[PDB]
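The file coords_24.txt contains compact mmCIF, C-alpha atoms and all ligand atoms:
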```
# COMPACT_ATOMS: atom_id res chain seq x y z
CA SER C 1 0.00 0.00 0.00
CA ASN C 2 1.01 3.63 -0.58
CA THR C 3 1.64 5.06 2.89
CA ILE C 4 3.32 8.34 1.85
CA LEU C 5 0.94 11.31 1.80
CA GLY C 6 1.58 13.12 -1.46
CA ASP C 7 3.66 10.42 -3.19
CA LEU C 8 1.82 10.45 -6.51
CA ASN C 9 4.46 8.42 -8.39
CA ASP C 10 4.97 5.88 -5.58
CA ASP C 11 8.75 6.17 -5.31
CA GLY C 12 8.89 6.73 -1.55
CA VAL C 13 9.48 10.49 -1.42
CA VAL C 14 7.45 13.67 -1.89
CA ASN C 15 9.29 16.09 -4.17
CA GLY C 16 8.94 18.15 -7.34
CA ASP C 17 8.23 15.07 -9.46
CA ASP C 18 4.94 14.62 -7.60
CA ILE C 19 4.03 18.29 -8.08
CA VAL C 20 4.41 17.86 -11.84
CA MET C 21 2.07 14.86 -11.84
CA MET C 22 -0.50 16.80 -9.82
CA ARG C 23 -0.28 19.75 -12.20
CA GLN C 24 -0.58 17.58 -15.31
CA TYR C 25 -3.56 15.70 -13.84
CA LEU C 26 -5.41 18.93 -12.99
CA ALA C 27 -4.78 20.11 -16.56
CA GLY C 28 -6.47 16.95 -17.84
CA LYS C 29 -3.40 15.10 -19.10
CA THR C 30 -3.08 11.33 -18.83
CA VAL C 31 -0.13 10.95 -16.44
CA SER C 32 1.91 7.76 -16.77
CA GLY C 33 2.52 5.95 -13.50
CA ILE C 34 0.32 8.19 -11.38
CA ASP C 35 -1.36 6.85 -8.23
CA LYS C 36 -4.87 8.27 -8.50
CA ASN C 37 -5.65 7.22 -4.91
CA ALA C 38 -3.03 9.66 -3.58
CA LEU C 39 -4.47 12.79 -5.22
CA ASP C 40 -6.83 13.89 -2.42
CA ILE C 41 -4.03 15.21 -0.22
CA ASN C 42 -6.25 17.02 2.29
CA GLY C 43 -8.90 14.30 2.22
CA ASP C 44 -11.87 16.57 1.57
CA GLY C 45 -13.32 14.34 -1.16
CA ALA C 46 -12.22 16.40 -4.17
CA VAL C 47 -9.07 16.83 -6.23
CA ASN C 48 -8.41 20.49 -7.00
CA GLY C 49 -5.90 23.31 -6.66
CA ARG C 50 -6.06 23.10 -2.87
CA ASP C 51 -4.50 19.62 -3.08
CA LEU C 52 -1.79 21.03 -5.35
CA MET C 53 -1.12 23.84 -2.88
CA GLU C 54 -0.88 21.47 0.08
CA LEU C 55 1.48 19.29 -1.95
CA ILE C 56 3.68 22.33 -2.68
CA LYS C 57 3.59 23.16 1.03
CA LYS C 58 4.69 19.66 2.01
CA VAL C 59 7.54 19.66 -0.51
CA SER C 60 8.76 23.05 0.73
CA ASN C 61 8.67 21.66 4.29
CA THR D 1 -14.59 40.61 0.09
CA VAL D 2 -12.62 39.41 -2.94
CA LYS D 3 -14.77 39.02 -6.04
CA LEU D 4 -14.24 36.85 -9.12
CA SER D 5 -16.33 38.16 -12.00
CA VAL D 6 -16.97 36.84 -15.49
CA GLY D 7 -17.59 39.56 -18.05
CA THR D 8 -20.05 39.92 -20.93
CA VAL D 9 -19.66 39.97 -24.71
CA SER D 10 -21.83 39.98 -27.85
CA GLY D 11 -21.10 38.28 -31.16
CA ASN D 12 -22.67 37.02 -34.35
CA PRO D 13 -22.95 33.29 -35.11
CA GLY D 14 -19.55 32.11 -36.28
CA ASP D 15 -17.58 34.90 -34.62
CA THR D 16 -14.83 34.46 -32.03
CA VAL D 17 -15.50 36.45 -28.86
CA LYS D 18 -13.31 37.28 -25.87
CA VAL D 19 -14.61 37.42 -22.29
CA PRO D 20 -12.52 38.78 -19.38
CA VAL D 21 -12.52 37.25 -15.90
CA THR D 22 -11.67 39.89 -13.30
CA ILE D 23 -10.63 39.79 -9.65
CA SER D 24 -11.42 42.83 -7.50
CA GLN D 25 -11.24 44.01 -3.89
CA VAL D 26 -7.86 42.31 -3.51
CA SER D 27 -5.92 43.01 -0.30
CA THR D 28 -4.39 39.93 1.28
CA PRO D 29 -1.99 38.53 -1.36
CA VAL D 30 -3.72 35.64 -3.12
CA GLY D 31 -1.79 32.40 -3.43
CA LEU D 32 -4.60 30.19 -4.72
CA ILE D 33 -7.70 30.54 -6.88
CA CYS D 34 -9.95 27.66 -7.95
CA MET D 35 -13.00 28.57 -10.05
CA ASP D 36 -15.27 26.74 -12.50
CA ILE D 37 -17.13 28.59 -15.28
CA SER D 38 -19.95 26.74 -17.03
CA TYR D 39 -21.13 27.52 -20.56
CA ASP D 40 -23.59 26.25 -23.18
CA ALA D 41 -21.54 23.78 -25.22
CA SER D 42 -24.21 23.56 -27.94
CA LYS D 43 -23.63 27.26 -28.68
CA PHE D 44 -19.96 27.89 -27.82
CA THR D 45 -16.64 26.10 -28.21
CA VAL D 46 -13.70 27.20 -26.06
CA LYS D 47 -10.88 28.39 -28.32
CA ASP D 48 -8.41 29.10 -25.50
CA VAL D 49 -8.14 30.35 -21.90
CA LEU D 50 -5.16 32.64 -21.47
CA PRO D 51 -3.82 34.34 -18.33
CA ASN D 52 -3.21 38.05 -18.12
CA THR D 53 0.54 37.85 -17.53
CA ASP D 54 0.58 41.46 -16.28
CA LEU D 55 -1.25 40.14 -13.18
CA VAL D 56 -0.66 36.37 -13.24
CA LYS D 57 3.09 35.98 -12.84
CA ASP D 58 5.33 32.92 -13.10
CA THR D 59 3.10 31.34 -15.76
CA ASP D 60 6.36 29.83 -17.07
CA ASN D 61 6.56 27.71 -13.91
CA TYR D 62 2.98 26.45 -14.48
CA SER D 63 1.19 28.78 -12.07
CA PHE D 64 -1.94 28.89 -14.29
CA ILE D 65 -3.66 25.57 -15.02
CA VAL D 66 -6.67 25.27 -17.32
CA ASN D 67 -8.91 22.21 -17.79
CA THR D 68 -11.49 22.19 -20.59
CA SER D 69 -11.93 18.41 -20.94
CA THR D 70 -15.49 18.43 -19.56
CA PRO D 71 -18.14 19.69 -21.98
CA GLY D 72 -19.51 23.05 -20.93
CA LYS D 73 -17.13 23.62 -18.02
CA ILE D 74 -13.92 25.63 -17.76
CA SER D 75 -11.79 24.98 -14.66
CA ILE D 76 -9.14 27.59 -13.83
CA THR D 77 -6.53 27.16 -11.10
CA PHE D 78 -3.93 29.73 -10.06
CA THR D 79 -1.24 28.73 -7.56
CA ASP D 80 1.94 30.59 -6.65
CA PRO D 81 4.59 27.86 -7.03
CA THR D 82 6.84 29.74 -4.58
CA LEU D 83 4.22 30.46 -1.91
CA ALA D 84 5.64 33.98 -1.58
CA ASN D 85 7.16 35.58 -4.65
CA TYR D 86 4.30 35.62 -7.22
CA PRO D 87 1.00 36.35 -5.43
CA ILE D 88 -1.98 38.16 -6.91
CA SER D 89 -1.98 41.38 -4.90
CA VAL D 90 -3.89 43.92 -7.01
CA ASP D 91 -7.15 44.10 -8.92
CA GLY D 92 -7.17 43.42 -12.63
CA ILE D 93 -7.99 40.89 -15.32
CA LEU D 94 -7.06 37.33 -14.37
CA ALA D 95 -7.63 35.65 -17.74
CA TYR D 96 -9.34 35.94 -21.10
CA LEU D 97 -11.85 33.36 -22.34
CA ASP D 98 -12.05 33.03 -26.12
CA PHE D 99 -15.21 31.35 -27.42
CA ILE D 100 -16.23 30.38 -30.96
CA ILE D 101 -19.95 30.87 -31.51
CA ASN D 102 -21.61 27.99 -33.35
CA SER D 103 -22.62 29.09 -36.84
CA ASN D 104 -26.17 27.84 -36.09
CA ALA D 105 -26.40 29.46 -32.64
CA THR D 106 -29.69 31.12 -31.70
CA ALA D 107 -29.92 34.79 -30.84
CA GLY D 108 -30.19 35.71 -27.16
CA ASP D 109 -28.32 35.68 -23.88
CA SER D 110 -26.45 32.62 -22.60
CA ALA D 111 -25.13 32.67 -19.05
CA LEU D 112 -21.52 32.16 -17.99
CA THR D 113 -21.97 30.81 -14.46
CA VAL D 114 -19.35 30.54 -11.72
CA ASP D 115 -19.88 27.54 -9.45
CA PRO D 116 -20.05 28.93 -5.88
CA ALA D 117 -19.68 25.45 -4.38
CA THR D 118 -16.18 24.94 -5.83
CA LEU D 119 -14.91 28.54 -5.71
CA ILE D 120 -11.74 28.80 -3.62
CA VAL D 121 -9.61 31.87 -2.85
CA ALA D 122 -6.78 31.56 -0.32
CA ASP D 123 -3.55 33.27 0.72
CA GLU D 124 0.04 32.03 0.41
CA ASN D 125 -0.38 29.72 3.44
CA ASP D 126 -3.58 28.20 1.97
CA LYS D 127 -5.81 30.08 4.41
CA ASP D 128 -9.23 31.08 3.13
CA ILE D 129 -9.94 34.63 1.97
CA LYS D 130 -13.57 35.76 2.13
CA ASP D 131 -14.71 35.66 -1.48
CA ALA D 132 -17.67 36.06 -3.82
CA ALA D 133 -18.38 35.45 -7.50
CA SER D 134 -20.29 37.34 -10.22
CA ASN D 135 -21.57 35.65 -13.37
CA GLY D 136 -21.33 36.83 -16.96
CA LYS D 137 -22.97 35.95 -20.26
CA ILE D 138 -22.66 35.84 -24.04
CA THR D 139 -25.32 37.55 -26.19
CA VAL D 140 -25.68 36.10 -29.69
CA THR D 141 -26.59 38.84 -32.18
CA CA Z 1 7.22 10.73 -5.28
CA CA Z 2 -8.81 17.58 -1.86
```
Turn the structure described in the file into structure tokens.
Ligand SMILES: [Ca+2]
Ligand SMILES: [Ca+2]
Amino acid sequence: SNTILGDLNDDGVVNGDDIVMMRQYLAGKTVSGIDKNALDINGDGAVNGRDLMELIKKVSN
Amino acid sequence: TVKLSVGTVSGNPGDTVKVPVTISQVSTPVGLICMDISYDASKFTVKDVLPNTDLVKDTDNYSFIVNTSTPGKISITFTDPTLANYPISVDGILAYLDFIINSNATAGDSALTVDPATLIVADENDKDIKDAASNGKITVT
């Protein structure tokens, strides 16, 4: 199971590569290797810019 | 209260029309905007959705995301990738919506509606900013 909050490519770490996937997904691209279950970062039931912003916050921290 | 407003435009069937989306009453620097604008897909096709780079900075680092994959809905997301250096801090035009009017479109008004349930405006720390939305329309002539 994916136990890393924000690890959209399932490589163990949360970094800029996950931000790119989140951005491409929100744009409507088909992202290779993305974990769609990890997109709702804040767990509010939707996938939107707020999830992207919390992902950017986690990476900066 | 920060306000996201869709403008109005008139055009003949077959014409390409441009509609501005404006933000006003800005004070707290804005780090995040999520808004959805619905339109009549039987009458209009989205040609593009372009940011006003005079106000929306760092578009080269993907600060302005558009999604038009769902018929009749435009989703616009602004995020400051730096969380500090490229906020929206003044009033102005956020983006321009270019529509192509179907050559068989009927005359009359057609609303451009902002979804209040999904509208988000927040500061650089992802804290909510009191917001409101104002709808626009296209008038086929
Ligand atoms: Ca990762
Ligand atoms: Ca979410």
**Request:** Dump the neighbourhood of ligand CA 2 (chain Z) as a PyMOL selection string: all residues within 10 Å, distances computed on all atoms listed in the file.
**Result:** chain C and resi 38-54
Compile a residue-level contact table for chain C against ligand CA 1 (chain Z) at a cut-off of 10 Å, reporting for every qualifying residue the shortest atom pair and its distance in Å to one decimal, with all atoms listed in the file counted, rows ordered by chain and ascending number, as a tab-separated table.
```
residue	atom	partner	partner_atom	distance
C:4	CA	Z:CA1	CA	8.5
C:5	CA	Z:CA1	CA	9.5
C:6	CA	Z:CA1	CA	7.2
C:7	CA	Z:CA1	CA	4.1
C:8	CA	Z:CA1	CA	5.5
C:9	CA	Z:CA1	CA	4.8
C:10	CA	Z:CA1	CA	5.4
C:11	CA	Z:CA1	CA	4.8
C:12	CA	Z:CA1	CA	5.7
C:13	CA	Z:CA1	CA	4.5
C:14	CA	Z:CA1	CA	4.5
C:15	CA	Z:CA1	CA	5.9
C:16	CA	Z:CA1	CA	7.9
C:17	CA	Z:CA1	CA	6.1
C:18	CA	Z:CA1	CA	5.1
C:19	CA	Z:CA1	CA	8.7
C:21	CA	Z:CA1	CA	9.3
C:34	CA	Z:CA1	CA	9.6
C:35	CA	Z:CA1	CA	9.9
```
Only residues of chain D matter here; which ones have an atom within 6 Å of chain C, counting only C-alpha atoms? Give them as a CSV table (one decimal) with C-alpha atoms, keeping the file's coordinate frame.
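Output saved as part.csv:
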```
chain,number,residue,atom,x,y,z
D,65,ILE,CA,-3.7,25.6,-15.0
D,66,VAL,CA,-6.7,25.3,-17.3
D,67,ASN,CA,-8.9,22.2,-17.8
D,77,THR,CA,-6.5,27.2,-11.1
```
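Taking CA of residue 43 in chain D and CA of residue 69 in chain D as the two end points, the separation is 16.6 Å.
Nearest to residue 114 in chain D of all the residues D:29, D:136, D:81, D:72 is D:136, counting all atoms listed in the file.
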**Item:** Residue nearest residue 135 in chain D - candidates D:100, D:46, D:122, D:21, atoms counted: only C-alpha atoms
**Value:** D:21
Extending 8 Å beyond the listed atoms of range 29-37 of chain D on each side, what axis-aligned box results? I want centre and edge lengths in Å to one decimal, as JSON.
```
{"center_x": -9.5, "center_y": 32.6, "center_z": -8.3, "size_x": 31.3, "size_y": 27.8, "size_z": 29.9}
```
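From CA of residue 2 in chain D back to CA of residue 25 in chain D, the distance works out to 4.9 Å.
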Reconstructed range 1-15 of chain C, atom set N, CA and C atoms, as an mmCIF file, keeping the file's coordinate frame:
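The resulting file, selection-v9.cif, is reproduced below:
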```
data_model
loop_
_atom_site.group_PDB
_atom_site.id
_atom_site.type_symbol
_atom_site.label_atom_id
_atom_site.label_comp_id
_atom_site.auth_asym_id
_atom_site.auth_seq_id
_atom_site.Cartn_x
_atom_site.Cartn_y
_atom_site.Cartn_z
ATOM 1 N N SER C 1 0.842 -1.232 0.000
ATOM 2 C CA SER C 1 0.000 0.000 0.000
ATOM 3 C C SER C 1 0.863 1.262 0.000
ATOM 4 N N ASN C 2 0.315 2.348 -0.551
ATOM 5 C CA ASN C 2 1.010 3.630 -0.580
ATOM 6 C C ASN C 2 0.738 4.336 0.739
ATOM 7 N N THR C 3 1.770 4.458 1.565
ATOM 8 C CA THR C 3 1.640 5.060 2.890
ATOM 9 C C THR C 3 2.305 6.420 2.985
ATOM 10 N N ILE C 4 2.663 7.032 1.863
ATOM 11 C CA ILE C 4 3.320 8.340 1.850
ATOM 12 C C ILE C 4 2.317 9.372 1.325
ATOM 13 N N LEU C 5 1.855 10.253 2.206
ATOM 14 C CA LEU C 5 0.940 11.310 1.800
ATOM 15 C C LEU C 5 1.622 12.216 0.784
ATOM 16 N N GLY C 6 1.060 12.279 -0.411
ATOM 17 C CA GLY C 6 1.580 13.120 -1.460
ATOM 18 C C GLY C 6 2.466 12.433 -2.464
ATOM 19 N N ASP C 7 2.770 11.141 -2.276
ATOM 20 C CA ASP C 7 3.660 10.420 -3.190
ATOM 21 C C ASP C 7 2.834 9.920 -4.371
ATOM 22 N N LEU C 8 2.678 10.778 -5.378
ATOM 23 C CA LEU C 8 1.820 10.450 -6.510
ATOM 24 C C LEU C 8 2.460 9.482 -7.490
ATOM 25 N N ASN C 9 3.785 9.369 -7.509
ATOM 26 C CA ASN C 9 4.460 8.420 -8.390
ATOM 27 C C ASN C 9 4.960 7.191 -7.651
ATOM 28 N N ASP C 10 4.683 7.084 -6.352
ATOM 29 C CA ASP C 10 4.970 5.880 -5.580
ATOM 30 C C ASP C 10 6.439 5.482 -5.687
ATOM 31 N N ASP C 11 7.323 6.440 -5.394
ATOM 32 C CA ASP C 11 8.750 6.170 -5.310
ATOM 33 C C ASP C 11 9.321 6.348 -3.914
ATOM 34 N N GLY C 12 8.482 6.664 -2.929
ATOM 35 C CA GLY C 12 8.890 6.730 -1.550
ATOM 36 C C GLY C 12 9.072 8.122 -0.991
ATOM 37 N N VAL C 13 9.156 9.137 -1.843
ATOM 38 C CA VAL C 13 9.480 10.490 -1.420
ATOM 39 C C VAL C 13 8.510 11.477 -2.059
ATOM 40 N N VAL C 14 8.322 12.610 -1.401
ATOM 41 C CA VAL C 14 7.450 13.670 -1.890
ATOM 42 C C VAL C 14 8.340 14.825 -2.331
ATOM 43 N N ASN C 15 8.425 15.040 -3.640
ATOM 44 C CA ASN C 15 9.290 16.090 -4.170
ATOM 45 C C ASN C 15 8.655 16.668 -5.432
#
```
